[PDB]
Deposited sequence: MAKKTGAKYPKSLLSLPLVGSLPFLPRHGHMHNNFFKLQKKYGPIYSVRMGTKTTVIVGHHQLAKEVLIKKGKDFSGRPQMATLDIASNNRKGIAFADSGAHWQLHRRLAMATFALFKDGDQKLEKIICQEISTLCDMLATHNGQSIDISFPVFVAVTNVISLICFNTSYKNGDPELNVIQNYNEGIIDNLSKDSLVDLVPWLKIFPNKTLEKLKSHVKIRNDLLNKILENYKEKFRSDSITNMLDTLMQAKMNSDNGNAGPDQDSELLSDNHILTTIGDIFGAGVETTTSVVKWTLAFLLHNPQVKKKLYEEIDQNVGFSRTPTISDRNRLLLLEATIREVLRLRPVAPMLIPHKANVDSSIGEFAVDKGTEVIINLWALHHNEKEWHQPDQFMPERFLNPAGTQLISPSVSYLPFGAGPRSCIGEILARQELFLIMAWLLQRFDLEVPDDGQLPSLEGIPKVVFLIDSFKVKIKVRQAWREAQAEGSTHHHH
């Protein structure tokens, strides 16, 4: 009897299980590197730290491109900005200027610590009014980090109850949900095969965001002083007047860069905060010691500063541990080969798509002890007196040309938020018995199912007010 003709073949089922984990499972059969061909596009997947650092660092310039996608084109205004732009003059320029702006907050008046703590304070006040109740903390946190990133881009911040915050929240959730059904890595291109209204919806959410950026520019346009350079829109409008690289600083090119920064700044930070609280509800023992640590090394004489990350070591290890278990980007932003190159001495043609399975690096059992468990202790020496780096297979913020540019902002944000809340609130399981599911929801960002927290002001915090 003959075998039957085979038109196509995929190694696992679509839309079954998370993509980053189905790839990681295949490595038992095929090794840490393998490829898939979808028509003419060929995709290479990589799930070992040595091969990944070759792609990201050693040959980082050979694989610094970005593939083209229908949804990303719409959300990137046709591959402008940074995250979704291909490697070239536009991406080079805007990435540098964005990195350059972050320098404007090292210390002084707008010391990033000051801006951040200004909004955490307002955050804690609004939360303290819910003393005794179970709430979803997504939106209060959303507002806090929305204002930090707004002060950094525009030197403006939204007053309490500004409906424009709810409008931003709305299209942020619309874009994220239509950008990709699950992760950005989809074997089958479904939206080109079946009749669907996906791109129509994405265009309409994008339209509301873009029309909002145009209005924000036009007012700032008639307020820009070439001597005042206090934010990112200044840094970007400055470089424009100098070009008269004028072609790559058009109004849209600036629009899209601010967009990638405003977006990333809110959605990544908010997501990691929710993940952290969720893990601590499942891990009361760790939470208790976090209270102990912050009470011993900060007490209640003052509110926590960046300085405290030298003595609040367990809180640092908890943040590092969430970024390992539930990376914001378990497969990063897909890369592309700008030229013919190789990985582990394997041929890789120009234009090939390359994906680093960061989920695989963070769960490699030869590199981590019990990687499925949430053990912040793994980042502490056995005595708990100094942070460590237990595995080289650890890259929450990526590496190389395409690495995160908001890491400094991110780490300071996550630390100050968690330190202020733990100093001040008992964060307990709601009165109903429900805990948050840690399974997660893979989108362009690795989100968690929304959940509620019973929040109480700490008795230790009430005392010391006398």
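Residues of the deposited sequence lacking C-alpha coordinates, counted from 1, fall in the stretches 1 to 12, 257 to 264, 487 to 494.
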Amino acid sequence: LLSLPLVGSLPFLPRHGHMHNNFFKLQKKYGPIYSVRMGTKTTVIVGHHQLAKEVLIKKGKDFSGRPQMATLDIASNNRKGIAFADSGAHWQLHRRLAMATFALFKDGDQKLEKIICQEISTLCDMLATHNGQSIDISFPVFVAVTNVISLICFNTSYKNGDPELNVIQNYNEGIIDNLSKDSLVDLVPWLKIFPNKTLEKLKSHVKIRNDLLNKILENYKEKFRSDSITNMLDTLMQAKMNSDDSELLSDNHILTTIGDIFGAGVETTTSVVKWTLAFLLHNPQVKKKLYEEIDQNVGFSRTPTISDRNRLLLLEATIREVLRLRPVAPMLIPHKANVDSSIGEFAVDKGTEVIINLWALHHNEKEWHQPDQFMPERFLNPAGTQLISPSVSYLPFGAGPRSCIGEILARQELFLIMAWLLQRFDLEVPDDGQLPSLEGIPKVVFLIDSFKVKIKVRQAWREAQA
From here on, numbers count along this sequence of modelled residues.
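Throughout, rigid core stands for the largest set of C-alpha atoms superposing within 1.5 Å between the two forms.
Fitting each structure in 7 other deposited structures of this protein onto the rigid core and averaging C-alpha distances over structures and residues, 103 to 111 emerges as the more displaced of 321 to 329 and 103 to 111. Farther from the shown form on average, by C-alpha root mean square after a core fit in 7 other deposited structures of this protein, is 179 to 187, of the stretches 179 to 187 and 123 to 131. Residue 377 is built in all of the other entries compared, counting only those with both neighbours built, so it is not a gap in a third. Modelled in this chain, residue 345 is likewise built in all the other compared entries whose models extend past it on both sides, so a third of them omitting it does not occur. Higher mean CA temperature factor, per the PDB entry, when comparing 105 to 113 with 301 to 309: 105 to 113.
The PDB entry reports B-factors from which the mean C-alpha value can be compared for 325 to 333 and 89 to 97; the larger average falls on 89 to 97. In the PDB entry, the Cα temperature factor peaks, among 16, 458, 20, 454, at 458. When the Cα B-factors of 141, 383, 83, 354 are read from the PDB record, 383 comes out highest.
Among all modelled residues in this chain, the alpha-carbon of residue 154 has a temperature factor (C-alpha) in the highest third. Sort the modelled residues of the chain by CA B factor and residue 368 lands in the lowest third. Looking at the C-alpha B-factors along this chain, the one for residue 426 belongs to the middle third. For residue 39, the recorded CA B-factor ranks within the highest third of the chain. Only modelled residues enter the ranking. Looking at the C-alpha B-factors along this chain, the one for residue 359 belongs to the lowest third.
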